[PDB]
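A.B. asks: As numbered in our numbering, residues 13 to 104 make up the sequence shown, in order. Take a look at the following structure, please.
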Amino acid sequence: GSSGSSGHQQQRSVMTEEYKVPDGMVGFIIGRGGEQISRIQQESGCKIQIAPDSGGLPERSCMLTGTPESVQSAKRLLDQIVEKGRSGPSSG
């Protein structure tokens, strides 16, 4: 009983991206203790800095930090949450 390992993994250079999300979802994006978002941060391995108080805007800005491939991956997750929590295809 054995298993391989392999490698092929590295990073370099970090960029900042500005992504807006629906405050009506962000609140749910965080999760219970910020685990819902953590999974997204760990899933895409990207950083997501969400403001404590959106203030009075409809969308809450989220400061992303990390690779570009990670920023997008994370975004997909975010948008997903919103999408998954946007509306159903006519209550069957």
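Where is the CB? At the ideal position from N, CA and C, for every residue including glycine.
What are the partner residues of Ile60, as DSSP defines its beta bridges?
C.D. replies: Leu76
A.B. asks: Do you know offhand how far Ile52's Cα is from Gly39's?
C.D. replies: 14 Å
A.B. asks: Less than 7 Å between C-beta atoms, sequence neighbours within five positions excluded: which residues of the same chain meet that for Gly43?
C.D. replies: Only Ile49 meet the Cβ criterion.
A.B. asks: Just the C-alpha distance for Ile41 and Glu81, rounded to the nearest angstrom, thanks.
C.D. replies: 20 Å
A.B. asks: In whole angstroms, what is the alpha-carbon distance linking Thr28 and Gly13?
C.D. replies: 44 Å
A.B. asks: Does the contact criterion of 3 or more C-beta pairs under 8 Å hold for the stretch 15–27 versus the stretch 61–75?
C.D. replies: Cβ pair count under 8 Å is below three, so no.
A.B. asks: Within its chain, find whatever has a CB closer than 6 Å to the CB of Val83; leave out the 5 residues flanking it on each side and keep chain order.
C.D. replies: Scanning its chain for C-beta atoms nearer than 6 Å, with the 5 sequence neighbours on each side dropped, one finds around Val83 the residues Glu29, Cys58 and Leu76, in chain order.
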